[PDB]
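Below: upload08.cif (mmCIF, C-alpha atoms and all ligand atoms)
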data_start
#
loop_
_atom_site.label_atom_id
_atom_site.label_comp_id
_atom_site.auth_asym_id
_atom_site.auth_seq_id
_atom_site.Cartn_x
_atom_site.Cartn_y
_atom_site.Cartn_z
CA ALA A 903 -6.91 4.78 7.46
CA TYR A 904 -5.99 2.16 4.87
CA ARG A 905 -8.50 3.50 2.31
CA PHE A 906 -6.85 6.92 2.45
CA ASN A 907 -3.46 5.19 2.26
CA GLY A 908 -4.76 3.37 -0.90
CA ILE A 909 -5.06 6.80 -2.64
CA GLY A 910 -1.57 7.97 -1.51
CA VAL A 911 -2.93 10.13 1.37
CA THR A 912 -1.05 9.04 4.49
CA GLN A 913 -2.96 7.40 7.44
CA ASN A 914 -2.56 10.43 9.74
CA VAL A 915 -4.64 12.63 7.33
CA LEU A 916 -7.66 10.61 8.50
CA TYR A 917 -6.80 10.78 12.23
CA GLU A 918 -5.97 14.54 12.23
CA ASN A 919 -9.41 15.16 10.54
CA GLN A 920 -11.58 12.18 11.62
CA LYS A 921 -14.69 14.03 12.95
CA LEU A 922 -14.52 16.46 9.98
CA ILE A 923 -14.41 13.49 7.56
CA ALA A 924 -17.39 11.85 9.31
CA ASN A 925 -19.28 15.20 9.11
CA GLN A 926 -18.48 15.55 5.37
CA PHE A 927 -19.66 11.95 4.85
CA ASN A 928 -22.84 12.44 6.99
CA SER A 929 -23.55 15.65 5.00
CA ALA A 930 -23.06 13.84 1.67
CA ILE A 931 -25.35 10.88 2.63
CA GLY A 932 -27.91 13.49 3.79
CA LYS A 933 -27.85 15.19 0.34
CA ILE A 934 -28.47 11.78 -1.36
CA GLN A 935 -31.77 11.43 0.54
CA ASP A 936 -32.86 14.97 -0.39
CA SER A 937 -31.92 14.32 -4.06
CA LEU A 938 -33.82 10.97 -4.14
CA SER A 939 -36.75 12.54 -2.18
CA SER A 940 -37.12 15.49 -4.64
CA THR A 941 -37.34 13.69 -8.02
CA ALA A 942 -37.65 10.43 -10.00
CA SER A 943 -35.44 11.88 -12.87
CA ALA A 944 -32.24 10.26 -11.44
CA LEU A 945 -33.81 6.73 -11.72
CA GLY A 946 -34.55 7.23 -15.46
CA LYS A 947 -32.04 4.34 -15.94
CA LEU A 948 -34.58 1.96 -14.25
CA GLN A 949 -37.96 3.60 -15.03
CA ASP A 950 -36.98 3.45 -18.75
CA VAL A 951 -36.55 -0.37 -18.49
CA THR B 1100 0.26 -7.94 26.98
CA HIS B 1101 2.99 -6.61 24.61
CA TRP B 1102 2.52 -4.24 21.65
CA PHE B 1103 3.98 -4.87 18.15
CA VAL B 1104 3.59 -3.66 14.54
CA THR B 1105 2.68 -6.13 11.71
CA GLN B 1106 1.80 -6.43 7.99
CA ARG B 1107 -2.03 -6.43 7.68
CA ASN B 1108 -2.31 -9.48 5.36
CA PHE B 1109 -0.12 -11.90 7.45
CA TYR B 1110 0.64 -11.89 11.22
CA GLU B 1111 4.41 -11.46 11.63
CA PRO B 1112 4.95 -9.20 14.68
CA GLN B 1113 7.78 -6.66 14.64
CA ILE B 1114 9.36 -4.47 17.30
CA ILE B 1115 7.84 -0.99 17.32
CA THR B 1116 10.66 1.31 16.07
CA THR B 1117 11.29 4.59 14.20
CA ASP B 1118 12.31 2.36 11.22
CA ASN B 1119 8.82 0.71 11.29
CA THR B 1120 6.88 3.95 12.15
CA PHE B 1121 6.65 7.68 11.31
CA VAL B 1122 5.34 10.72 13.30
CA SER B 1123 2.77 13.51 12.79
CA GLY B 1124 1.06 15.95 15.23
CA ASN B 1125 0.88 15.16 18.98
CA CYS B 1126 -0.88 12.69 21.32
CA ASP B 1127 -3.88 15.02 21.99
CA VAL B 1128 -4.98 15.04 18.28
CA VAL B 1129 -5.66 11.32 17.55
CA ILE B 1130 -8.77 9.32 18.61
CA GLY B 1131 -8.05 5.85 20.16
CA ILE B 1132 -4.22 6.33 20.57
CA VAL B 1133 -2.36 4.39 23.40
CA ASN B 1134 0.93 4.59 25.52
CA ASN B 1135 4.05 2.45 24.51
CA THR B 1136 7.88 2.35 24.09
CA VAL B 1137 9.17 3.10 20.56
CA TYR B 1138 12.67 1.58 20.28
CA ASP B 1139 15.49 2.99 18.05
CA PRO B 1140 18.51 0.90 16.80
CA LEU B 1141 20.70 4.08 16.90
CA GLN B 1142 20.56 4.10 20.77
CA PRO B 1143 22.82 1.04 21.67
CA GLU B 1144 24.91 1.87 18.54
CA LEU B 1145 25.86 5.34 19.94
CA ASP B 1146 26.19 4.07 23.53
CA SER B 1147 28.45 1.00 22.91
CA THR C 1100 32.01 -11.41 -8.41
CA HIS C 1101 30.25 -8.59 -6.43
CA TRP C 1102 26.72 -8.47 -4.97
CA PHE C 1103 24.53 -5.41 -5.63
CA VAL C 1104 20.82 -4.56 -5.37
CA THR C 1105 18.76 -2.93 -8.19
CA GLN C 1106 15.13 -2.05 -8.99
CA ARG C 1107 13.31 -4.82 -10.96
CA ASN C 1108 12.54 -2.74 -14.12
CA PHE C 1109 15.82 -0.86 -14.99
CA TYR C 1110 19.40 -1.93 -14.11
CA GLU C 1111 20.77 0.68 -11.68
CA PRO C 1112 22.93 -1.25 -9.17
CA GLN C 1113 23.77 -0.17 -5.62
CA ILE C 1114 25.98 -1.33 -2.75
CA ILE C 1115 23.98 -3.58 -0.41
CA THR C 1116 23.14 -1.75 2.85
CA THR C 1117 20.80 -1.81 5.87
CA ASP C 1118 18.98 1.11 4.09
CA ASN C 1119 18.44 -1.08 0.96
CA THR C 1120 17.51 -4.31 2.86
CA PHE C 1121 15.23 -5.56 5.64
CA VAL C 1122 15.94 -8.60 7.91
CA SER C 1123 13.91 -11.69 8.79
CA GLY C 1124 15.05 -14.97 10.39
CA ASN C 1125 18.20 -16.96 9.63
CA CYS C 1126 20.18 -18.64 6.82
CA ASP C 1127 18.53 -22.12 7.24
CA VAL C 1128 15.06 -21.30 5.93
CA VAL C 1129 15.55 -19.60 2.52
CA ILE C 1130 16.12 -22.16 -0.30
CA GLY C 1131 19.06 -20.98 -2.52
CA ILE C 1132 20.35 -18.13 -0.21
CA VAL C 1133 23.99 -16.78 -0.48
CA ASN C 1134 26.51 -14.77 1.67
CA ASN C 1135 27.71 -11.17 1.28
CA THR C 1136 28.87 -8.29 3.56
CA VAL C 1137 26.04 -5.81 4.21
CA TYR C 1138 27.38 -2.24 4.50
CA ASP C 1139 26.20 -0.23 7.55
CA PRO C 1140 26.29 3.59 6.86
CA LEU C 1141 26.30 4.22 10.66
CA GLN C 1142 29.70 2.51 11.43
CA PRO C 1143 32.14 4.98 9.71
CA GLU C 1144 29.96 7.82 11.18
CA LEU C 1145 30.34 6.38 14.74
CA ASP C 1146 34.05 5.49 14.34
CA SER C 1147 35.32 8.68 12.55
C1 LIG A 1201 3.68 -11.30 24.07
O1 LIG A 1201 4.99 -11.28 23.42
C2 LIG A 1201 6.13 -11.26 24.35
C3 LIG A 1201 7.46 -11.19 23.59
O2 LIG A 1201 7.59 -12.32 22.70
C4 LIG A 1201 6.06 -12.49 25.26
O3 LIG A 1201 7.04 -12.30 26.34
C5 LIG A 1201 8.10 -13.31 26.33
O4 LIG A 1201 7.55 -14.58 26.81
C6 LIG A 1201 8.52 -15.69 26.71
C7 LIG A 1201 7.81 -16.98 27.16
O5 LIG A 1201 6.68 -17.22 26.29
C8 LIG A 1201 9.76 -15.34 27.55
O6 LIG A 1201 10.80 -16.33 27.33
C9 LIG A 1201 10.35 -13.99 27.13
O7 LIG A 1201 11.50 -13.69 27.96
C10 LIG A 1201 9.28 -12.88 27.22
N1 LIG A 1201 9.83 -11.60 26.77
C11 LIG A 1201 9.44 -10.43 27.26
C12 LIG A 1201 10.04 -9.20 26.57
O8 LIG A 1201 8.64 -10.33 28.19
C13 LIG A 1201 4.70 -12.67 25.95
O9 LIG A 1201 4.70 -13.98 26.57
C14 LIG A 1201 3.52 -12.54 24.98
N2 LIG A 1201 2.28 -12.43 25.74
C15 LIG A 1201 1.33 -13.34 25.75
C16 LIG A 1201 0.11 -13.01 26.62
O10 LIG A 1201 1.42 -14.39 25.11
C1 LIG A 1202 27.56 -18.69 4.28
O1 LIG A 1202 28.64 -18.52 5.25
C2 LIG A 1202 28.57 -19.49 6.37
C3 LIG A 1202 29.64 -19.11 7.41
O2 LIG A 1202 29.31 -17.85 8.01
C4 LIG A 1202 28.74 -20.91 5.81
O3 LIG A 1202 28.58 -21.85 6.94
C5 LIG A 1202 29.32 -23.13 6.87
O4 LIG A 1202 28.53 -24.13 6.15
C6 LIG A 1202 29.16 -25.47 6.01
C7 LIG A 1202 28.16 -26.41 5.31
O5 LIG A 1202 26.96 -26.54 6.10
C8 LIG A 1202 29.63 -26.00 7.37
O6 LIG A 1202 30.50 -27.13 7.13
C9 LIG A 1202 30.41 -24.95 8.18
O7 LIG A 1202 30.70 -25.48 9.51
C10 LIG A 1202 29.61 -23.65 8.29
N1 LIG A 1202 30.35 -22.64 9.06
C11 LIG A 1202 29.78 -21.87 9.98
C12 LIG A 1202 30.68 -20.82 10.63
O8 LIG A 1202 28.59 -21.98 10.28
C13 LIG A 1202 27.66 -21.19 4.75
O9 LIG A 1202 27.89 -22.49 4.14
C14 LIG A 1202 27.65 -20.11 3.66
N2 LIG A 1202 26.53 -20.34 2.74
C15 LIG A 1202 26.55 -19.95 1.47
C16 LIG A 1202 25.33 -20.36 0.64
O10 LIG A 1202 27.47 -19.28 1.01
#

As structure tokens, please, write out the structure in this file.
Amino acid sequence: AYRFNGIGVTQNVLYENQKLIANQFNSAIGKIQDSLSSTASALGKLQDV
Amino acid sequence: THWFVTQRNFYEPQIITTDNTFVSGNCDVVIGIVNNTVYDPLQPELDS
Amino acid sequence: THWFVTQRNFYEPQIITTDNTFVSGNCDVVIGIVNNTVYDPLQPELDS
């Protein structure tokens, strides 16, 4: 609620959408696993070292 | 026992009022909401 | 001679009111405090 308020989006924009926001977040974290499961090409920044 | 509103970085409790709060939607929309009196300084000022 | 309130970064004075100010405590606590009449935009609107 504060986080959203820290970007000028008033506290109620979380509460009126809270389960949608958690679904968007859960979807986004899901896509990170599929991205990191597919390929090593993202970690070129470490595998190059 | 009693509800208040306060600044997050330092406990200084204030009377819950329409000067300290704003409204959106209705009571069915928000998770975790509770029942309480919201006071308004305009009320005694009209009535007196 | 007269007390006004202005934003910190460009001089644009205003009459001191309960819309321009918030209240805490009493005149003992604040080192270097002064007196002036706070205008209340509700009183002429109740009285007239
Ligand atoms: C919660 O805050 C309220 C308001 O300050 C407290 O109620 C007051 O208690 C004092 C004694 O401590 C009484 O003199 C007042 O008359 C009470 N006012 C009201 C509006 O009830 C209350 O004691 C606090 N609750 C707890 C559990 O500490
Ligand atoms: C602000 O105004 C009050 C009166 O409303 C002043 O209070 C007086 O202060 C002196 C010095 O302590 C006392 O002798 C008087 O008895 C006080 N009068 C009252 C009615 O309390 C106060 O001094 C003023 N302060 C400033 C900084 O202007």

Worksheet item: Within 8 Å of ligand LIG 1201 (chain A), counting only C-alpha atoms and all ligand atoms, which protein or nucleic acid residues do you find, written as an NGL selection string?
Response: :B and (1100-1102)

What would the file look like if the residues just selected were written as a short mmCIF file (atom, residue, chain, number, x, y, z; two decimals), in the coordinates of the input with C-alpha atoms?
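In the end it all went to again_1.cif:
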data_model
loop_
_atom_site.label_atom_id
_atom_site.label_comp_id
_atom_site.auth_asym_id
_atom_site.auth_seq_id
_atom_site.Cartn_x
_atom_site.Cartn_y
_atom_site.Cartn_z
CA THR B 1100 0.26 -7.94 26.98
CA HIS B 1101 2.99 -6.61 24.61
CA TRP B 1102 2.52 -4.24 21.65
#

Item to complete: Kindly provide, as a PyMOL selection string, all nucleotide and amino acid residues lying within 7 Å of ligand LIG 1202 (chain A), counting only C-alpha atoms and all ligand atoms.
Response: chain C and resi 1132-1134

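The two atoms in question, CA of residue 1135 (chain C) and CA of residue 1103 (chain C), are spaced 9.5 Å apart.
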
Worksheet item: Could you write out as a PyMOL selection string the residues of chain A within 12 Å of chain B, counting all atoms listed in the file?
Response: chain A and resi 904+912-921

Quick one: write out the picked residues with C-alpha atoms as a compact mmCIF listing (two decimals), in the frame of the given file?
# COMPACT_ATOMS: atom_id res chain seq x y z
CA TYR A 904 -5.99 2.16 4.87
CA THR A 912 -1.05 9.04 4.49
CA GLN A 913 -2.96 7.40 7.44
CA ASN A 914 -2.56 10.43 9.74
CA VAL A 915 -4.64 12.63 7.33
CA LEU A 916 -7.66 10.61 8.50
CA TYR A 917 -6.80 10.78 12.23
CA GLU A 918 -5.97 14.54 12.23
CA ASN A 919 -9.41 15.16 10.54
CA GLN A 920 -11.58 12.18 11.62
CA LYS A 921 -14.69 14.03 12.95

Item to complete: Output as a PyMOL selection string the set of chain B residues within 12 Å of chain C, with distances taken over all atoms listed in the file.
Response: chain B and resi 1111-1113+1118-1119+1140-1147

Fill in: Straight-line distance linking CA of residue 940 (chain A) with CA of residue 926 (chain A), stated in Å to one decimal
21.2 Å

Worksheet entry | Computed interatomic separation between CA of residue 1114 (chain B) and CA of residue 1117 (chain C) (Å) | 16.4 Å
